[PDB]
Structure formats: C-alpha cells, structure tokens
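> Dumping the structure here so I can ask a few things about it.
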Amino acid sequence: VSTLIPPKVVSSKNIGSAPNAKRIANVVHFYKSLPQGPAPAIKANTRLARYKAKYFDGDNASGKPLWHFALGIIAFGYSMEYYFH
Amino acid sequence: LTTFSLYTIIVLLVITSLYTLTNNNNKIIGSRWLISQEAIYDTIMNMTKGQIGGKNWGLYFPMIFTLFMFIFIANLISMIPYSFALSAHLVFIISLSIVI
C-alpha cells in the first residue's frame, strides 16, 4: 500500500517560515553589542570635561551648567566696562 | 580686538556645545538636553515640509535651520546684561535678509 505521505521530504518549513529572516538578522546584529550601553558623556579630558561631569551630564536637566556658563559672559563685559571706562 | 568679532566667536562656541556637551555619548535614547535639539529638528522639519513641502523642503532645510539657531542663540547673548547682540548690529541682519 501507499507509503507516500508529507513527512519523508520536508524542506519547505526550513525556509518558508518567516522568523528565519529575523533570526539570521539578529545573530549578525547581536553577538557583541554591549548589554546596556554606556552613560552620557562625562570626560573627554581637557579639564572642563570634568565640569561637564558634574553639571552638564545628559542625565542632568538641572539648571546648574546653564548658570555657570552664563556667569562667564557676565564676567567678560563687566570687566571690559572698566577697561573702556 | 573688535567686540563684534569677539561675539561671533562666542556664538560659535555656544553652538558647538549643543552637539558635544549636550549630545552626550550619542545615545539612541537621547540626552535630556539633546531632546530639545530633536524637537527643534522635527518642528522645523514639519514646518518646512508644510511651507514648501517639495522634495526640496529638506534641500533648503539646513539654511532654514541655521537661520533659526542663529536667532535662537543670539537672543541668549542679548539676555546677558553686558554682552550685546550681533543682531543688534542691524547692518548684518538687514544685509542677510536682502541677500536671501
């Protein structure tokens, strides 16, 4: 009798399935990426990247670096008032 | 030297910091300060996609962006109680307008 049946030859399931494209993508995309990723810039070494570390971090939305940076410009024209007068 | 020349330098130094000490780590999440420069990008993207809305909307988007940022920064310079705007030299602004 008939021993002809679906199971003996299978090769349509092993390409036809949709997650294969995603699978082979993410073995290439992921295998070496960091499991988190590192923190917003904090030191580039110039002796002012340390200034960034305390105030002007990406996680800081606090008004402190703004105040500090603003205050520098106040010091410039105020002295120059006394340099011109 | 020249006060005007000095203030052109200050503007350049402010603008670099917005994509260096604001763009911290080049995060795919985006730094809290850098969320502002995403929003500026998008609201002018959607504005000149509105206004001109061609395929040349984005082709004239850098010019429309540096005219934004220039005025945006130079009215921070104007808030400083002893530093005087580049825009307050009217001859630069009016000249720029006629040129465009």
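Labels for the structure tokens follow display order: chains A, B, ..., residues from 1 in each chain, ligands from 1.
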Would you give me, as a tab-separated table, each residue of chain A having an atom within 8 Å of an atom of chain B, along with its shortest atom pair and that distance in Å to one decimal, using only C-alpha atoms and sorting by chain and residue number?

```
residue	atom	partner	partner_atom	distance
A:38	CA	B:25	CA	7.5
A:39	CA	B:25	CA	6.8
A:40	CA	B:24	CA	4.5
A:41	CA	B:24	CA	4.3
A:42	CA	B:24	CA	7.6
A:52	CA	B:21	CA	6.8
A:56	CA	B:21	CA	6.6
A:57	CA	B:24	CA	7.1
A:58	CA	B:31	CA	4.4
A:59	CA	B:32	CA	5.8
A:60	CA	B:32	CA	6.9
A:61	CA	B:32	CA	5.9
A:70	CA	B:80	CA	7.3
A:73	CA	B:80	CA	6.9
A:74	CA	B:82	CA	6.2
A:76	CA	B:82	CA	7.9
A:77	CA	B:82	CA	4.9
A:78	CA	B:82	CA	6.2
```
> When distances are computed from only C-alpha atoms, which of B:11, B:45, B:94, B:1 shows the smallest separation from residue 78 in chain B?
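The answer is B:11, which sits nearest to residue 78 in chain B.
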